[PDB]
């Protein structure tokens, strides 16, 4: 229990900060915003129709390419101002920096064109609490805490200027 683990972020235009995670075996990589204002992990699903603009320019998670994927299928929905974000629960191995964690996440099958088509990243890693988690899905940082590998139960953000 002596590790700190870091993730380099990309700054897009002072409005979007994102870095890389890997989902599955072998790892399918995704750019994600690490968001203290939400508690879920979401990535687009290979099951998102190409008739959704937000899905056509982003990386899609494919369960049928992962050997460590465990099906769940519970439909879950996020209520956004521009429309509904919906998808379903899946479990797989998520790598963040030097850390591997088995995690439940949502695979998105539909989402409003806006603002999602304007994101340079593919998904979100929620860093908030189980209390605000849709479906009371255990947040990733809670699964990292449970591992007892961290030096401290903290995480920190640096954001540069562009």
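Residue numbers count along the first chain shown, from 1.
J.: Taking the recorded C-alpha temperature factors, which stretch has the higher mean, 52-60 or 119-127?
T.: Averaging CA B-factors over each stretch, the winner is 52-60.
J.: Which is higher on average in the deposited entry, the C-alpha temperature factors of 31-39 or of 108-116?
T.: Higher mean C-alpha B-factor: 108-116.
J.: Taking the entry's C-alpha B-factors for this chain, is residue 10 in the lowest, middle or highest third?
T.: Its C-alpha B-factor belongs to the lowest third of this chain's values.
J.: What third of its chain's C-alpha B-factors does residue 139 belong to: lowest, middle or highest?
T.: Middle third of the chain for residue 139's C-alpha B-factor.
J.: Test of reading the entry: by CA B factor among the chain's modelled residues, which third contains residue 100?
T.: Ranked within chain, residue 100 CA B lands in the middle tercile.
J.: For residue 150, return the chain-relative third of its C-alpha B-factor as stated in the PDB record: lowest, middle or highest.
T.: For residue 150, whose C-alpha B-factor we compare with every modelled residue in the chain, the answer is the highest third.
J.: Quick one: classify residue 160 as lowest, middle or highest third of the chain based on its Cα B-factor.
T.: Residue 160: CA B-factor falls in the middle third of its chain.
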